[PDB]
């Protein structure tokens, strides 16, 4: 299981069942959950906690210190969930004292080659981060978010549930749930109707959401004016309340 060419630091805690490939480093205070498969040439620095049945591929550096000068070598943390996939050369950095001191990844998230998850970035579940997708720092990605290849997400930006970025998107403002965004700078185009039929969203909920969009983007309404309109469809449909709440948590602004 643990290849004899791996460096498993004394103060590790590799729960039994964990595979480590040759020439891989498991650093200080690195909890690796059970069922996991660490590939070869993988560096794990801590203090870090990895969940179960994850897979980390060759040349990935999970749990390093952000290079951000502001951060001054404090003993901060990173937490990955169960059933994730972390592809070749992905970098995932631990938190900062200037925020939550915990970088957090949830469950069932696919994180493709040379993706970056900067300090204090919080990822939900069932997400897809395509090759070279880069989360600046303090980035929240709610469940089922698909970010196309080479998507750049600016600091403190919240990516809504079931949202979708086009290839080479540069996201500066918050992406509401279900919304699709494209180009640099990113601009709202439509809802992610494919992503709704993936959940088996009722044709009413898809149609109620198709409306909920026009209210925000194509009816000349201020944000606060828009939230008031939705509140009844938000009250009736749980799905619309995800979309409604996603807007309401954008102090800085929504991607238009």
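By rigid core we mean the largest C-alpha set that fits within 1.5 Å across both forms. Numbering follows the first chain given and starts at 1.
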| property | result |
| --- | --- |
| Segment of greater CA departure in 9 other deposited structures of this protein, 18 to 26 or 244 to 252, core superposed | 244 to 252 |
| Core-fitted comparison in 9 other deposited structures of this protein, 178 to 186 vs 93 to 101, farther C-alphas | 93 to 101 |
| Comparing 158 to 166 with 100 to 108, the one whose average Cα B-factor in the PDB entry is higher | 100 to 108 |
| Mean C-alpha B-factor comparison - 192 to 200 and 49 to 57, higher one | 192 to 200 |
| Per the PDB entry, maximal CA B factor within 28, 62, 216, 38 | 28 |
| Third of the chain's Cα B-factor distribution that residue 173 belongs to, per the entry | middle |
| Residue 119 by Cα B-factor - lowest, middle or highest third of the modelled chain | middle |
| CA B-factor ranking of residue 72, expressed as a third of its chain | highest |
